[PDB]
Protein chains: 2
Amino acid sequence: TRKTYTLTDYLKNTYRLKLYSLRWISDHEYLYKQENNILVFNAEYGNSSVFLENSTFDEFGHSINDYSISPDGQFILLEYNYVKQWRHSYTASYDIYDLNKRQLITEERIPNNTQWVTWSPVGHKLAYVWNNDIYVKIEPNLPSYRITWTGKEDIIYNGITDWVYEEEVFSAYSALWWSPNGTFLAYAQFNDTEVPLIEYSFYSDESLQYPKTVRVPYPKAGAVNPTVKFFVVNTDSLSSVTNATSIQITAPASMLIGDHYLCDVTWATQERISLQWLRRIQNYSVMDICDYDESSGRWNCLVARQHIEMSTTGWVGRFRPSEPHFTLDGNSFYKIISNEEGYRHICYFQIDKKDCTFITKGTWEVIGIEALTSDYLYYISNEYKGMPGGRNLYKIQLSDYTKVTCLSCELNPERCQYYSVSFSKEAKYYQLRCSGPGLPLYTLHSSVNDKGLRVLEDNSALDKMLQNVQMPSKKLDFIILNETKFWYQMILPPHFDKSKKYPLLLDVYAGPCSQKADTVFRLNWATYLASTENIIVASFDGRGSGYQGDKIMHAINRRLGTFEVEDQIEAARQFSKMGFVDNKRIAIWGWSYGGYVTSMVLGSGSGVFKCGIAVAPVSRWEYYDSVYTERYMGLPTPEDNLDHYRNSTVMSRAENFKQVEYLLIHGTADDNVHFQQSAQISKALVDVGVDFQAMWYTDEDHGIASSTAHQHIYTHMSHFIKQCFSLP
Amino acid sequence: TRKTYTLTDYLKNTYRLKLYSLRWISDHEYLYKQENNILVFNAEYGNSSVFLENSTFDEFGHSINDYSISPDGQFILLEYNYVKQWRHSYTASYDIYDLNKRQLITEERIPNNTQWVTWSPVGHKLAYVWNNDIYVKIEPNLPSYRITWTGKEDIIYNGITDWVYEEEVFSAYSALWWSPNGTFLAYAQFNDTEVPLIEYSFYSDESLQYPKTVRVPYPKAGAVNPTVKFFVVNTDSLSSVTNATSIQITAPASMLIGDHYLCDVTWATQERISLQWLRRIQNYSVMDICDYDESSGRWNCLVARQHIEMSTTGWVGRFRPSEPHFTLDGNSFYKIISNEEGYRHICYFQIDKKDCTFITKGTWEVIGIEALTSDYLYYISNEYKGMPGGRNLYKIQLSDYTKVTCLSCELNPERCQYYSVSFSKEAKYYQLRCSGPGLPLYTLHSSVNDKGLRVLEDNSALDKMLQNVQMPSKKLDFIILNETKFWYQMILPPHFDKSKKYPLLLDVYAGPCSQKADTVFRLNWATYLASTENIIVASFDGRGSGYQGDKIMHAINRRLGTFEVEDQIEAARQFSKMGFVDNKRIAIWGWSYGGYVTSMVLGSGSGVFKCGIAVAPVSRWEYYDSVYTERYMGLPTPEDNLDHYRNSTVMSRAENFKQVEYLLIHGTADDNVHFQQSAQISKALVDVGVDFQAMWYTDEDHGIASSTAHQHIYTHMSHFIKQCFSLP
Ligand SMILES: *[C@@H]1O[C@H](CO)[C@@H](O[C@@H]2O[C@H](CO)[C@@H](O)[C@H](O)[C@H]2NC(C)=O)[C@H](O)[C@H]1NC(C)=O
Ligand SMILES: *[C@@H]1O[C@H](CO)[C@@H](O[C@@H]2O[C@H](CO)[C@@H](O)[C@H](O)[C@H]2NC(C)=O)[C@H](O)[C@H]1NC(C)=O
Ligand SMILES: *[C@@H]1O[C@H](CO)[C@@H](O[C@@H]2O[C@H](CO)[C@@H](O)[C@H](O)[C@H]2NC(C)=O)[C@H](O)[C@H]1NC(C)=O
Ligand SMILES: *[C@@H]1O[C@H](CO)[C@@H](O[C@@H]2O[C@H](CO)[C@@H](O)[C@H](O)[C@H]2NC(C)=O)[C@H](O)[C@H]1NC(C)=O
Ligand SMILES: *[C@@H]1O[C@H](CO)[C@@H](O[C@@H]2O[C@H](CO)[C@@H](O)[C@H](O)[C@H]2NC(C)=O)[C@H](O)[C@H]1NC(C)=O
Ligand SMILES: *[C@@H]1O[C@H](CO)[C@@H](O[C@@H]2O[C@H](CO)[C@@H](O)[C@H](O)[C@H]2NC(C)=O)[C@H](O)[C@H]1NC(C)=O
Ligand SMILES: *[C@@H]1O[C@H](CO)[C@@H](O[C@H]2O[C@H](CO)[C@@H](O)[C@H](O)[C@H]2NC(C)=O)[C@H](O)[C@H]1NC(C)=O
Ligand SMILES: *[C@@H]1O[C@H](CO)[C@@H](O[C@H]2O[C@H](CO)[C@@H](O)[C@H](O)[C@H]2NC(C)=O)[C@H](O)[C@H]1NC(C)=O
Ligand SMILES: *[C@H]1O[C@H](CO)[C@@H](O[C@@H]2O[C@H](CO)[C@@H](O)[C@H](O)[C@H]2NC(C)=O)[C@H](O)[C@H]1NC(C)=O
Ligand SMILES: N[C@@H](CC(=O)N1CCn2c(nnc2C(F)(F)F)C1)Cc1cc(F)c(F)cc1F
Ligand SMILES: N[C@@H](CC(=O)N1CCn2c(nnc2C(F)(F)F)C1)Cc1cc(F)c(F)cc1F
Ligand SMILES: *[C@@H]1O[C@H](CO)[C@@H](O)[C@H](O)[C@H]1NC(C)=O
Ligand SMILES: *[C@@H]1O[C@H](CO)[C@@H](O)[C@H](O)[C@H]1NC(C)=O
Ligand SMILES: *[C@@H]1O[C@H](CO)[C@@H](O)[C@H](O)[C@H]1NC(C)=O
Ligand SMILES: *[C@@H]1O[C@H](CO)[C@@H](O)[C@H](O)[C@H]1NC(C)=O
Ligand SMILES: *[C@@H]1O[C@H](CO)[C@@H](O)[C@H](O)[C@H]1NC(C)=O
Ligand SMILES: *[C@@H]1O[C@H](CO)[C@@H](O)[C@H](O)[C@H]1NC(C)=O
Ligand code: NA
């Protein structure tokens, strides 16, 4: 008989999905690494040529982590000595290789322990951050110009983000932005001087006699936040005799009145930059549009070009105000904003006009704007078939908004319902990436007549292997709760039989603007649980979930740990009533926000769940970071929202855990959700005499992603679930 | 019929063991608390009176934690605001109450956060330590005199010990010693300037937003040790001079050549003090006897009065050099030292003669010297019936060493074999404290004729209760290995049937000079396991154990983690071959040194044990403190014992844990065995892919003794054991 998808298959990646990650280098060619050799492809015909031999660096001496070819293709940046920091940050050493003279540059090399590096968008200038300061190199072999001198570890950050800005605002370590042709280099400077530090132990190798104490500026809810300044420097007028002059662009008065954040930076033209600022109370944001003045050499932001964005029901943007997409001349722009019905759609703005015009509408949402030409704007939305968990590419005619054309919907409706896209330089070509419900499919297309040029990768090899495996199926459907439809998905065991009762595991995340019910194909722990253990793994998107309008998303505003937790209990209650579910064997598990919800659910006293697993959960909002927490909860002060901060903790529900089996897991070096959060949960449970299972992972962070720990946690959780379900 | 001793009975202390804690205030009167009242008893007739009514401090405004009456009975020290620190240390607030004028003193009060306070041995002077400096009050209501000005938190300690001296050398927080009539105050000063700090998080109450980092000067093996200095100040001159001089007494040249410790301070007469020093390599100790020179106001120590104590086979003393007991004139003293045969006996020394005379001998050992009069020396030994696990009080005639009388052996041989004693001020009366094998029994005796005056507490109430419970029985015996006997004890289930096969739990400690096989009566976890779960709980005293001569005790010298581990494994083999043990169900558990032995045993690959529980175990000796570790292991350097230090870790046996079920438990605030020790064990197990169970206890230290955590850990361990033995 055919085998099933086993835990080992998941842990050792027996069945790998093939990808096709290309890098556009112009409007008609892209780079693709094959056999460790970098090839250059012509999009039109599909022909290629070798761009760089894999042997080119046989005696390099170091293991190359990654590479980056300059925009003009004259040089290649080689990254090595990679050392990871937080989610996006890391340091590394770099070397530059001249592709023309086929030589490795040995003079004025980028320093070791460099924190970030980037070529200008055009040409081959380089900007890098080292020791928290910004340096610029006009030529790979020439000495660098020091741009800033205030860089100081854990205090002043120039051109790179501090912990909270990296994690919650920019989702990037870099805080540098080259103007379109590379003339100017804008950058932010963060000051964490008064930000309190989180401290935790790091044990390191067995050989370290005394544990190390890691200390990082981390503002918990309501604590002092870092401050921010924004500068722009002209890199075409740098001197090796005089220090570079950075021009500051100050935030508008409506922002300077109190705490605020810099949340977006987007160049509109060679001499016009837009900046969006957000108040610490995240329901008011301001976009400034500034023009360079050759006369004074300053940047002026006319008030007439200011655009305000606010929310009366919640915060601004999905996680942060959306980015503007400027037209060629920079006189107008398109941006996704919630309309009057609470659905996110594309609005068209005049830079000096207050009112914008919505170009799309309907009870669905635009996920993102992907390309803009003078005749069409391309975007991805979940409009097709009214499925919020599906994604397709559309283009809209800018001269007639009633002319909307779906470009991916009908390519292969049964195999492909969740698309992502990558356009070439001038949107002449685009790569479509289908990630579900069938196996991932990568295709190349031409924009002029939307021709389907060819298939880049169809994963036919994986398809052949999976035919010999008893794979689970996925059901995507919805339930009605108070006239509103909420979607859920179920990973069903092979040969599913509706006349039998299956144990059920509810997989939950449920953070604000999240989506767990979708059409994406995945090979993960749930695949194994369904395929080998015959467990149904369900996920449900309730109030607070995204992509279905603010009525649903903002339902949890100032109220985390309420509706989203109740909705997961309601879903399980519904599921428990279905004929194929064993109501005596229903469990729940989650990681991060999902660990919090799982814990809140288990301590709700609903009596629906037999057991649950919480991995690295938040336990009380006052322990989590300010930017994320305050966005949904406001401030933890008696005059604002302190009462709800105190009523939404896991600890307060400790006694309700007496009737469930609970497994609490957490990495000791978790810099994101501090171990402290689980330490307080266990202490509260010990205090009320409730027994439970626990597991700490020494020196693991929020991902508990090292190879050995990854295998161990899933192995441990599998034994727990099977034991809870009475499975061999 | 007849209930068993359940887990709840143990955790709720339903069967209360009564004791009789009295405080001698003179040669014939003692204080005893009865119904929150403090009574004063006349030893001779047993009649009493109310010394301090319970309603005396009903309006004190604070809960009085403890009290202390001045030697002259004129004042009472009231301790409150008790805040615990390490094993012996704590801070508190104090008030002094005038017993005569029955009035509480309100002027010149002892400061809050006082680290230590002690009355002079005579009268009512007081010496206290506050902010690491010593202060003396001649009168309770008068201002204090500052003795030191160097005190500095975590750096300089005057009159109090640092962490390592408290835990391993003195077993006490105080480092000051009043001379017999209170004229002089001697004290030690510790300097931890270069001692590395152990740092760990303390989460505290849920209300604390950021965890606190606890930092404690703690020397791990081979690290920089604190240095020490000794001083004596004449307190009688305090009111005559502005700043009384603290005369330093320096260690001898033999000690100053390298790192060393001050290990004992004992006043001999009003003007003679003895000090014992120990080299960092703990097999060489020196005792200096110093006399006050009234002409120079200095203290001189004549080399002819110096006594050397060294060891060729191990360290000096059981845990440290033994204390001297001086005759009244201070010209000679008695001290326990191991004889040529390796057994610890009492030796009689002339202060200026190097050769001593042994006054006791035999293949047994003297446990301690309890009292010394002009005619008799009283001591406790395990000579009776050749049982190293028994304890009796003996009296030897100082004028005729052949005249030795056992004062407790035959009092009640069946019920009493483990005695402890408490003599009145001049040894006129003594309280005997029998702690096993039967119920504890407390009695009063007159030394003049060694007649029993009366029974103070016989625990008849508890005996009445226990008759309604199926209690387990205890067996104490030995097995012969290599021609030498090794003792063990077994807690046997009620109605034990040698024809059946019972599951077996080996309870282990096994640290150097320890003893787990004794005649003490206990109501603990094992009582429950044997009584309700019908599990035999055994303990074995193999190589390294104490009170049986140096041949056995010093067998583990420079070799921890070898013979004592092997001997526990062999003990299990010998037990299984007794015929009433189920070879398929043998477990092992231990706390502290016992956790290390348990882990080493489970990782030996012996195949003898099915499962095991290690609580707060040591995992690698370089992580534990210098004083304890180096005493047995020497220094972790290539020139000394590094190889054995690297060969005796739990981590190197990770792979073998694949053969057993392991539960690892550790308190996160353990200042003694750092959580780091279990953090490295779990990491090594994850790295080799071994599954196991774990449990951390938030903010608990090495004793995991808070009421809720105590109940939770034993409940957790009971489930693990029951599951391992298939005991639903
Ligand atoms: C990038 O754009 C900048 C700004 O438009 C160009 O710089 C200007 O060039 C003109 C000459 O054509 C000068 O008169 C201006 O003074 C320059 N402005 C500044 C701020 O320097 C620059 O030449 C462009 N670079 C490229 C490669 O096209
Ligand atoms: C942004 O949200 C805040 C807080 O929800 C709003 O400010 C006030 O908040 C307090 C409670 O924190 C309420 O009592 C007030 O009624 C709220 N409004 C005002 C004007 O004080 C604020 O209004 C929101 N901003 C926008 C544009 O909706
Ligand atoms: C215990 O009783 C004795 C004797 O009854 C008390 O000691 C004193 O004994 C002498 C002679 O017997 C009497 O003259 C005294 O009057 C007794 N003292 C007192 C204070 O009355 C002794 O006081 C009693 N001890 C206690 C603690 O109550
Ligand atoms: C405690 O020991 C430290 C040495 O570890 C002493 O500190 C040194 O003192 C000398 C003399 O004043 C200075 O020159 C050095 O710079 C100090 N070294 C360090 C590391 O601080 C200190 O004096 C001792 N304290 C006492 C009260 O004895
Ligand atoms: C009492 O005497 C001691 C010892 O001389 C004084 O302590 C010295 O104080 C000076 C000045 O502050 C320091 O330079 C020395 O290092 C200290 N030595 C010691 C051993 O502490 C103390 O200051 C005197 N107290 C008063 C009130 O004069
Ligand atoms: C406590 O002992 C001390 C030390 O022997 C006594 O002080 C000595 O007293 C004699 C008088 O007999 C003097 O000659 C010495 O000068 C004192 N020496 C010192 C260092 O002070 C003291 O008298 C004794 N206390 C009591 C109450 O007897
Ligand atoms: C892809 O194929 C085209 C042929 O259509 C290649 O030809 C172009 O470039 C050649 C050299 O790069 C020239 O010799 C040809 O004249 C030119 N032809 C046309 C019609 O432009 C092209 O180079 C190939 N591209 C790659 C990446 O191999
Ligand atoms: C970073 O922000 C700090 C916080 O305001 C600035 O420091 C100011 O406040 C300090 C106390 O926190 C004081 O020492 C000074 O009055 C003041 N300036 C300095 C240098 O401390 C600090 O200047 C800012 N640094 C930069 C580079 O912007
Ligand atoms: C950054 O550090 C590297 C590594 O030390 C330096 O490169 C050389 O590394 C070799 C070992 O591979 C050493 O023997 C050399 O001493 C290092 N220095 C040199 C000049 O070769 C590198 O030089 C450092 N980079 C910078 C910009 O200082
Ligand atoms: N810290 C959160 C970050 C996040 O949700 N993304 C980062 C910011 N972001 C996202 N999507 N867009 C953006 C950005 F545009 F703002 F960058 C999602 C994730 C997160 C939430 C928790 F409750 C928790 F316990 C842990 C945790 F890691
Ligand atoms: N640190 C040890 C202290 C001790 O064993 N007593 C303290 C010193 N002592 C004793 N008996 N007499 C003395 C003294 F006289 F030296 F004070 C025993 C105990 C101990 C040993 C370990 F291996 C461990 F992992 C933890 C632990 F707490
Ligand atoms: C590229 O290099 C790899 C080794 O890194 C080698 O196995 C492969 O054959 C090379 N590819 C080609 C096309 O030569
Ligand atoms: C540039 O500024 C730094 C720091 O302010 C200063 O030390 C350096 O000398 C300056 N260089 C020049 C050329 O002015
Ligand atoms: C509507 O349904 C929601 C949950 O979907 C529930 O909380 C609410 O009480 C219901 N009634 C109204 C008026 O919203
Ligand atoms: C003393 O106080 C206790 C309270 O613990 C009370 O029960 C007892 O009766 C009191 N006895 C006297 C003599 O005051
Ligand atoms: C101790 O502290 C308390 C509370 O702060 C204060 O009321 C009292 O006066 C202090 N006592 C002394 C002796 O300083
Ligand atoms: C003391 O111990 C050291 C270390 O083993 C040893 O070399 C030395 O000879 C010992 N001294 C004596 C007297 O045994
Ligand atoms: Na095609």
# chains A, B, ... in the order shown; residues from 1 in each chain; ligands from 1

call {"tool": "interface_residues", "arguments": {"of": "chain B", "to": "chain A", "cutoff": "6 Å", "atoms": "only C-alpha atoms", "output": "list in words"}}
result
residues 209, 623, 679, 683, 687, 694, 695, 698 and 708 of chain B

call {"tool": "write_last_selection", "arguments": {"atoms": "N, CA and C atoms", "output": "mmCIF file, in the first residue's frame"}}
result
data_model
loop_
_atom_site.group_PDB
_atom_site.id
_atom_site.type_symbol
_atom_site.label_atom_id
_atom_site.label_comp_id
_atom_site.auth_asym_id
_atom_site.auth_seq_id
_atom_site.Cartn_x
_atom_site.Cartn_y
_atom_site.Cartn_z
ATOM 1 N N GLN B 209 6.759 45.053 34.739
ATOM 2 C CA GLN B 209 6.786 45.053 33.272
ATOM 3 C C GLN B 209 8.069 44.467 32.684
ATOM 4 N N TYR B 623 30.714 24.583 36.390
ATOM 5 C CA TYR B 623 29.589 25.520 36.592
ATOM 6 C C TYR B 623 29.258 25.714 38.077
ATOM 7 N N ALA B 679 19.956 24.001 31.664
ATOM 8 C CA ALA B 679 19.826 24.561 30.321
ATOM 9 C C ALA B 679 20.804 23.861 29.393
ATOM 10 N N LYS B 683 19.915 21.280 26.223
ATOM 11 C CA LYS B 683 20.444 21.588 24.896
ATOM 12 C C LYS B 683 21.188 20.399 24.306
ATOM 13 N N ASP B 687 20.191 18.427 20.950
ATOM 14 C CA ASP B 687 21.171 18.252 19.896
ATOM 15 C C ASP B 687 21.377 16.823 19.400
ATOM 16 N N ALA B 694 10.290 18.011 30.754
ATOM 17 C CA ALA B 694 10.934 19.075 31.490
ATOM 18 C C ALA B 694 9.930 19.947 32.228
ATOM 19 N N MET B 695 10.415 20.636 33.250
ATOM 20 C CA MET B 695 9.565 21.548 34.004
ATOM 21 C C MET B 695 10.424 22.604 34.691
ATOM 22 N N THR B 698 9.134 28.988 37.839
ATOM 23 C CA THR B 698 9.389 30.418 37.834
ATOM 24 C C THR B 698 9.693 31.004 39.215
ATOM 25 N N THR B 708 3.157 26.617 47.129
ATOM 26 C CA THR B 708 2.523 26.185 45.885
ATOM 27 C C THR B 708 3.471 25.393 44.993
#

call {"tool": "residues_near_ligand", "arguments": {"ligand": "ligand 7", "cutoff": "12 Å", "atoms": "only C-alpha atoms and all ligand atoms", "output": "VMD selection string"}}
result
chain A and resid 25 to 26 28 to 32 38 to 51

call {"tool": "residues_near_ligand", "arguments": {"ligand": "ligand 18", "cutoff": "10 Å", "atoms": "only C-alpha atoms and all ligand atoms", "output": "PyMOL selection string"}}
result
chain A and resi 443-445+451-455

call {"tool": "residues_near_ligand", "arguments": {"ligand": "ligand 1", "cutoff": "12 Å", "atoms": "only C-alpha atoms and all ligand atoms", "output": "CSV table (one decimal) with N, CA and C atoms, in the first residue's frame"}}
result
chain,number,residue,atom,x,y,z
A,72,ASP,N,24.1,48.2,-13.1
A,72,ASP,CA,24.7,48.3,-14.4
A,72,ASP,C,25.3,47.0,-14.8
A,120,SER,N,23.1,51.7,-5.4
A,120,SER,CA,22.2,52.8,-5.8
A,120,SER,C,21.3,52.0,-6.8
A,121,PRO,N,20.1,52.5,-7.0
A,121,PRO,CA,19.2,51.9,-8.0
A,121,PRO,C,19.7,51.9,-9.4
A,122,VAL,N,20.5,52.9,-9.7
A,122,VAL,CA,21.1,53.0,-11.0
A,122,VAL,C,22.6,53.1,-10.9
A,123,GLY,N,23.4,52.6,-11.9
A,123,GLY,CA,24.8,52.6,-11.8
A,123,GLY,C,25.5,51.6,-10.8
A,124,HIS,N,26.5,52.1,-10.0
A,124,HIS,CA,27.2,51.2,-9.1
A,124,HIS,C,27.7,51.9,-7.8
A,125,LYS,N,27.0,52.9,-7.3
A,125,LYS,CA,27.4,53.5,-6.1
A,125,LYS,C,27.0,52.5,-5.0
A,178,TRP,N,17.7,55.4,-1.5
A,178,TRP,CA,18.3,56.1,-2.6
A,178,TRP,C,17.2,56.7,-3.5
A,179,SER,N,17.5,57.9,-4.0
A,179,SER,CA,16.6,58.6,-4.9
A,179,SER,C,16.6,57.7,-6.2
A,180,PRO,N,15.6,57.9,-7.1
A,180,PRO,CA,15.6,57.1,-8.3
A,180,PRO,C,16.9,56.9,-9.2
A,181,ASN,N,17.6,58.0,-9.4
A,181,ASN,CA,18.8,57.9,-10.2
A,181,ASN,C,20.1,57.8,-9.4
A,182,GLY,N,19.9,57.8,-8.0
A,182,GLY,CA,21.0,57.7,-7.2
A,182,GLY,C,21.7,59.0,-6.7
A,183,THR,N,21.2,60.1,-7.1
A,183,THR,CA,21.8,61.4,-6.7
A,183,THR,C,21.7,61.6,-5.2
A,184,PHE,N,20.5,61.4,-4.6
A,184,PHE,CA,20.3,61.6,-3.2
A,184,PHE,C,20.2,60.3,-2.4
A,185,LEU,N,20.5,60.4,-1.1
A,185,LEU,CA,20.4,59.3,-0.2
A,185,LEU,C,19.7,59.8,1.0
A,232,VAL,N,18.4,63.9,4.3
A,232,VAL,CA,18.6,63.6,2.9
A,232,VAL,C,20.0,64.2,2.5
A,233,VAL,N,20.9,63.4,1.9
A,233,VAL,CA,22.2,63.9,1.6
A,233,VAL,C,22.4,63.8,0.1
A,234,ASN,N,23.1,64.8,-0.5
A,234,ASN,CA,23.4,64.7,-1.9
A,234,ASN,C,24.7,64.0,-2.1
A,235,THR,N,24.7,62.8,-2.7
A,235,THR,CA,25.9,62.0,-2.9
A,235,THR,C,26.7,62.4,-4.1
A,236,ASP,N,26.2,63.4,-4.9
A,236,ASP,CA,27.0,63.8,-6.1
A,236,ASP,C,27.9,65.0,-5.7
A,237,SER,N,27.7,65.5,-4.5
A,237,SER,CA,28.5,66.6,-4.1
A,237,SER,C,29.3,66.3,-2.8
A,238,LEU,N,29.8,65.1,-2.7
A,238,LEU,CA,30.6,64.7,-1.6
A,238,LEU,C,32.1,65.1,-1.7
A,267,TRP,N,10.2,57.7,-2.8
A,267,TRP,CA,10.6,58.8,-3.7
A,267,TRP,C,9.6,58.9,-4.8
A,268,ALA,N,9.2,60.1,-5.1
A,268,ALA,CA,8.2,60.4,-6.2
A,268,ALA,C,8.9,60.7,-7.5
A,269,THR,N,10.0,61.5,-7.4
A,269,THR,CA,10.8,61.8,-8.6
A,269,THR,C,12.2,62.0,-8.2
A,270,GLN,N,13.1,62.4,-9.2
A,270,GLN,CA,14.5,62.6,-8.8
A,270,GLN,C,14.7,63.7,-7.7
A,271,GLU,N,13.7,64.6,-7.6
A,271,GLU,CA,13.8,65.7,-6.6
A,271,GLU,C,12.5,65.9,-5.7
A,272,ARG,N,11.8,64.8,-5.6
A,272,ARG,CA,10.6,64.9,-4.8
A,272,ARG,C,10.4,63.6,-4.0
A,291,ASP,N,9.9,68.9,-2.0
A,291,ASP,CA,10.6,69.1,-3.2
A,291,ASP,C,12.0,69.8,-2.9
A,292,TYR,N,13.0,69.3,-3.6
A,292,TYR,CA,14.3,69.9,-3.5
A,292,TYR,C,14.4,71.3,-4.1
A,293,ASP,N,15.1,72.2,-3.4
A,293,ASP,CA,15.2,73.6,-3.9
A,293,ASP,C,16.6,73.9,-4.3
A,294,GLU,N,17.0,73.9,-5.6
A,294,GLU,CA,18.4,74.2,-5.9
A,294,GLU,C,19.0,75.5,-5.4
A,295,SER,N,18.1,76.5,-5.3
A,295,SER,CA,18.5,77.8,-4.8
A,295,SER,C,19.1,77.8,-3.4
A,296,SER,N,18.3,77.2,-2.5
A,296,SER,CA,18.8,77.1,-1.1
A,296,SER,C,19.4,75.8,-0.8
A,297,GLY,N,19.2,74.8,-1.6
A,297,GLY,CA,19.7,73.5,-1.4
A,297,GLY,C,19.0,72.8,-0.3
A,298,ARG,N,17.8,73.3,0.0
A,298,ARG,CA,17.0,72.7,1.1
A,298,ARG,C,15.8,71.9,0.5
A,299,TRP,N,15.0,71.2,1.3
A,299,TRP,CA,13.9,70.5,0.9
A,299,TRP,C,12.6,71.1,1.6

call {"tool": "residues_near_ligand", "arguments": {"ligand": "ligand 5", "cutoff": "7 Å", "atoms": "only C-alpha atoms and all ligand atoms", "output": "list in words"}}
result
residues 148, 149, 150, 243 and 245 of chain B

call {"tool": "closest_atom_pairs", "arguments": {"of": "chain A", "to": "ligand 10", "cutoff": "7 Å", "atoms": "only C-alpha atoms and all ligand atoms", "output": "JSON lines"}}
result
{"residue": "A:167", "atom": "CA", "partner": "ligand 10", "partner_atom_place_in_ligand_line": "7 (C)", "distance": 5.7}
{"residue": "A:168", "atom": "CA", "partner": "ligand 10", "partner_atom_place_in_ligand_line": "8 (C)", "distance": 4.3}
{"residue": "A:169", "atom": "CA", "partner": "ligand 10", "partner_atom_place_in_ligand_line": "16 (F)", "distance": 4.5}
{"residue": "A:170", "atom": "CA", "partner": "ligand 10", "partner_atom_place_in_ligand_line": "17 (F)", "distance": 4.7}
{"residue": "A:171", "atom": "CA", "partner": "ligand 10", "partner_atom_place_in_ligand_line": "17 (F)", "distance": 4.5}
{"residue": "A:318", "atom": "CA", "partner": "ligand 10", "partner_atom_place_in_ligand_line": "12 (N)", "distance": 7.0}
{"residue": "A:319", "atom": "CA", "partner": "ligand 10", "partner_atom_place_in_ligand_line": "16 (F)", "distance": 4.5}
{"residue": "A:320", "atom": "CA", "partner": "ligand 10", "partner_atom_place_in_ligand_line": "16 (F)", "distance": 4.9}
{"residue": "A:511", "atom": "CA", "partner": "ligand 10", "partner_atom_place_in_ligand_line": "23 (F)", "distance": 6.3}
{"residue": "A:592", "atom": "CA", "partner": "ligand 10", "partner_atom_place_in_ligand_line": "25 (F)", "distance": 4.0}
{"residue": "A:593", "atom": "CA", "partner": "ligand 10", "partner_atom_place_in_ligand_line": "23 (F)", "distance": 3.9}
{"residue": "A:617", "atom": "CA", "partner": "ligand 10", "partner_atom_place_in_ligand_line": "25 (F)", "distance": 5.9}
{"residue": "A:618", "atom": "CA", "partner": "ligand 10", "partner_atom_place_in_ligand_line": "25 (F)", "distance": 5.0}
{"residue": "A:628", "atom": "CA", "partner": "ligand 10", "partner_atom_place_in_ligand_line": "1 (N)", "distance": 6.2}
{"residue": "A:672", "atom": "CA", "partner": "ligand 10", "partner_atom_place_in_ligand_line": "28 (F)", "distance": 6.0}
{"residue": "A:673", "atom": "CA", "partner": "ligand 10", "partner_atom_place_in_ligand_line": "25 (F)", "distance": 5.5}

call {"tool": "closest_atom_pairs", "arguments": {"of": "chain B", "to": "ligand 16", "cutoff": "6 Å", "atoms": "only C-alpha atoms and all ligand atoms", "output": "tab-separated table"}}
result
residue	atom	partner	partner_atom_place_in_ligand_line	distance
B:109	CA	ligand 16	13 (C)	4.7
B:110	CA	ligand 16	13 (C)	5.5
B:111	CA	ligand 16	13 (C)	4.5
B:112	CA	ligand 16	1 (C)	4.9

call {"tool": "atom_distance", "arguments": {"atom1": "atom CA of residue 655 of chain B", "atom2": "atom CA of residue 558 of chain B"}}
result
25.4 Å
